[PDB]
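Next up: a single chain in structure tokens, the form deposited in one PDB entry.
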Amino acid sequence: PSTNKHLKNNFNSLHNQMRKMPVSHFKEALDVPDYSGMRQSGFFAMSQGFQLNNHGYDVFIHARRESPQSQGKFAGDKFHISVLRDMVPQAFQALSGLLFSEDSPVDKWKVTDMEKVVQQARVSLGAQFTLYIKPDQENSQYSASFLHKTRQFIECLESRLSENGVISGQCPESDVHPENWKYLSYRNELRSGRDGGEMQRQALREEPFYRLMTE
């Protein structure tokens, strides 16, 4: 019994429920830091109910909702966002309304502090944002309405970035994405395996969470 077993046995039901739901609306927040503001979070800062920090021993600014909306145990599902290195601040600002939204399905996320990482390293070239996804229900099963909201949210991120003319970054080797995601990619370290390369990606693509996000 597990998050994935539920997705597998309810694969068509979840998809069918999702595709019939009306468009999600996310009320964007305005009183949020810009990218430099984010970097300056230091030991602790607060914005729109998300706890922020940029500790000296790490290279990401972390954001976590004080009162999480998902009650389930993390099942490994996460998204990266990859944009052109020089465009990370612009991209953060463009997405900040959504990422701090009272309506966001993402309780926890982080953005790389570009100043702390070497310009030629892959960490600078892509995956500068991470979004952690957690099953919404206490029994650690995803509900159809939560899956829909997560998918709508990710697609809103894609449209905001493209509408702002943000240039895509370099997607991590370990991630997968469909042709219509220019910035978003999916990873699950719990289900990817020991083989790396093409084999990890093929395994990711068969993941019901990923198929529900993309088909």
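Sequential numbering from 1, following the sequence displayed.
**Student:** Tell whether, across the other compared PDB entries, at least a third have no coordinates for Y35.
**Tutor:** No, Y35 is modelled in every other compared entry.
**Student:** Does at least a third of the other compared PDB entries (those resolving both flanking residues) leave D195 without coordinates?
**Tutor:** It is, since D195 is left out of at least a third of the other entries that model both flanking stretches.
**Student:** Can you tell me which stretch has the higher mean Cα B-factor, 120-128 or 67-75?
**Tutor:** Per the deposited B-factors, the answer is 67-75.
**Student:** Mean C-alpha B factor from the entry: is it higher for 152-160 or for 41-49?
**Tutor:** 41-49 has the higher mean C-alpha B-factor.
**Student:** At the C-alpha atoms, which of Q137, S82, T112, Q93 reaches the highest B-factor in this entry?
**Tutor:** Answer, based on the entry's C-alpha B-factors: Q137.
**Student:** What third of its chain's C-alpha B-factors does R191 belong to: lowest, middle or highest?
**Tutor:** For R191, whose C-alpha B-factor we compare with every modelled residue in the chain, the answer is the highest third.
**Student:** Check where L14 lands among this chain's C-alpha B-factors and tell me if it's the lowest, middle or highest third.
**Tutor:** CA B-factor rank for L14: lowest third.
**Student:** Within this chain, which third does the Cα B-factor at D175 fall in: lowest, middle or highest?
**Tutor:** Lowest third.
**Student:** By the record's CA B-factor, is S104 among the lowest, middle or highest third of residues in the chain?
**Tutor:** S104: CA B-factor falls in the lowest third of its chain.
**Student:** Sorting the chain's CA B-factors, does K5 end up in the lowest, middle or highest third?
**Tutor:** Highest third, going by the recorded CA B-factors of the chain.
Form solved in complex with a partner chain: not shown, discussed below.
**Student:** At 4.5 Å between heavy atoms, only one of the stretches 202-210, 7-15, 20-28, 188-196 reaches the partner chain in the deposited complex; which one is it?
**Tutor:** Checking each option against the 4.5 Å cut-off leaves 188-196.
**Student:** So, in the deposited complex, is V59 in contact with the partner chain at a 4.5 angstroms heavy atom limit?
**Tutor:** Because a heavy atom of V59 falls inside 4.5 Å of the partner chain in the deposited complex, the answer is yes.
**Student:** Taking heavy atoms only, is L125 within 4.5 angstroms of the partner chain in the deposited complex?
**Tutor:** The answer is no: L125 has no heavy atom within 4.5 Å of the partner chain.
**Student:** Mark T130 yes when one of its heavy atoms lies within 4.5 Å of a heavy atom of the partner chain in the deposited complex, and no otherwise.
**Tutor:** Heavy-atom contact with the partner chain at 4.5 Å: present for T130.
**Student:** So in the deposited complex, does any heavy atom of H80 sit within 4.5 Å of the partner chain?
**Tutor:** Result yes; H80 sits at the interface with the partner chain in the deposited complex.
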